[PDB]
Each structure stands twice: as structure tokens, then as C-alpha cells.
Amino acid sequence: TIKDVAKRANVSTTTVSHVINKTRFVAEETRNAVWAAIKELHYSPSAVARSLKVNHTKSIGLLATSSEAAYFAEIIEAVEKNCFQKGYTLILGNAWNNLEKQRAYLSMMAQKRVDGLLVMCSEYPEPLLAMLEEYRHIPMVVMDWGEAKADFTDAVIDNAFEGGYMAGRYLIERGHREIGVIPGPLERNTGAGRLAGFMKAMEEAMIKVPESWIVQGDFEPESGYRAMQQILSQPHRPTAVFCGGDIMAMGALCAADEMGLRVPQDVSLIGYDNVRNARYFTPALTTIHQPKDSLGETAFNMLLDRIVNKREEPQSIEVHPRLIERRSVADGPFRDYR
């Protein structure tokens, strides 16, 4: 079809391609004519041909976990902004923590020859770690580990643990000594990592959390609903609660309400994530905020670098969580005694 263009214009495809990409000077006269044709013929230059030659697709792949999930969704929207910004195309792939699913997208991707790979897989068993390596040749950055699991990738770290700690501290300095926790999946960073951050502060304060007070969630609202329940559904309950994620929080919220419990007047809740609309949670949610735009833009950036300035060595940038005080927490019994 560029051949067809060259012809309508009576110039060489070379000339055509020169004008279409301003890659060498062309007489105006000639230049307009190309356009002229470029426009009657209704020409859409083929990137597949181009990429075929120039060897890069100006396209990047997101090998994600899921995308409805608020938290996720937010990061992704971010990353896409950056792609569009710097002229890249985003191929979105959810593998739902499925390994096969994952080996499958990985492959489709390599085959479609993405210029780089952004990874958000949530859990990283040796077998996944392994497949990932088989692709060290395509540049890539995992945006969700807490420390650096591998030497063949760029890593952006969230300081999830320090976030965990922040949370604890708050409750503590608020008068709280009877706290419970609904962590998220321990095989995840934002899972384990936040729990431990929280657990240091406790240990530091000589607060012990009775195992009947810690209930695993999975970041989905229903998980928090049951958690809260099981907690408040007991003889002795805590005065305050640290919930691993806002969405679950939001579930913890509804259940308390359903047992006729008042938050924060009857139970205090502090979440984690600071999702776009936690402020409209009801009681406005006090939570730890996770930089998600920066987590995205930063990730894109390390990838571009590698991609463009052909980097070889792995790199890692930290990011920082930070407390947002909202309306879900109240003074505990010890506030005054400190």
C-alpha cells in the first residue's frame, strides 16, 4: 500500500517513507503530493511491517493478576497514562495467579514481541520465578515484590512493612492496646509484609495479639465481612482493628454495622491502601496511603530506561506509604495515660 501511495504521487516509496517519517529532507512540492495521496488513498501505514524491520514494537505488556480489584485498577490506569504519554501501546493480561495462565500470556507476549514487560503477579513461587527468568531477554520490571527476589529485573519496592508499623503505632498512640488484625494472603507482600510491620510495633509495645484475633483475608470484601464477624463474634473483643486492605475494610465496615456495632464508636478501624474512594466509605476511612500513580509511573520509567538507554544491570526504587487520618478511629482507653 505504501507502493500504492508512491505511485499516486509518482515518487518512490523511499521518498514516501521519508516524508511520512521526516527522516531526510524532501521538497515541499514533492512532500505535499505524498500527503495528497496519503490522504485520498486513505493510507494507514502498517506498524507490523515497520516493527518487522526497525525491530521494536513500541508496545508494552502488563502481566497482571486481575484488574477489577480497585487497588490494581488504580495502578493500571496509571501505567496506561504513561504508555500513552510516551507513545507506547499497553497489552493487558490477567493470569489470575494461574500458572498455566501465566506461562500462556508470557509466551503470547514474547511472541507479539513487546519492547518490555511490566509484572504484577502477586505471588511468586519458584516455578514462576523460573519461567520469568526464561524471558530475562525481554526487559522487565516486577512492580510488587518487597525486597529484590531476582537479579534479572528491575524492582520497585513499597516499604509495605514500614506501612504495617505505621498503622500499629497509630492505634497505639491512640489509646489502643486491644487490637485485632485481618491480614491479606501471606504469600503476598502487601500481605505478609504489612502484617509484620504491624507486628513489630506490637512487640515493641508489649501488646500481644491473641490468635483468635487475627483473621486472614484475601483482599476481597467478603473476606473482611467474615473476618470482622468472627472477631466481634466473640466473648472478648478488641477495641480496634487493623485491616490489611481498604476493600476488605469496607467489608469489615458493613458487618460491624450489621451486628449493630458502631464504628468507630464501638470499634475502630484502620485500613490500608487509601483507594480512590475510601473517603466515601462510611465512616470516612482512616487508612495508610499507598502511592499508586508514582508506583506506576516509576515502574514505567525504569522499563523505558532499560529499553531505551539499553540498561543491563538491575535496579530498585523504593516508594513510601503514608498515614491518612480520616474518621474511622477513636481514642482508646489508654490515650490519657501516656
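Quick note: we count residues from 1 along the sequence shown, nothing fancier.
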Taking the other compared PDB entries with both flanking residues modelled, is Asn159 unmodelled in at least a third?
no
In at least one third of the other PDB entries compared, is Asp257 left unmodelled?
no
Test of understanding: from the entry's C-alpha B-factors, which stretch has the higher mean, 188-196 or 233-241?
233-241
As the entry reports it, the stretch among 171-179 and 146-154 with higher mean C-alpha B factor is 146-154
Reading the B-factor column for Cα atoms of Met202, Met259, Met140, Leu92, the highest value belongs to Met140
Selection by C-alpha B-factor (highest) of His42, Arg279, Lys58, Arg50:
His42
B-factor third for the C-alpha atom of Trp213 within its chain
highest
Using the B-factor values recorded in the entry, state whether the Cα atom of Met131 falls in the lowest, middle or highest third among the modelled residues of its chain.
highest
What third of its chain, lowest, middle or highest, does the C-alpha temperature factor of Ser67 fall into?
lowest
Relative to the other modelled residues in the chain, which third contains the C-alpha temperature factor of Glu123: lowest, middle or highest?
middle
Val34 by Cα B-factor - lowest, middle or highest third of the modelled chain:
highest
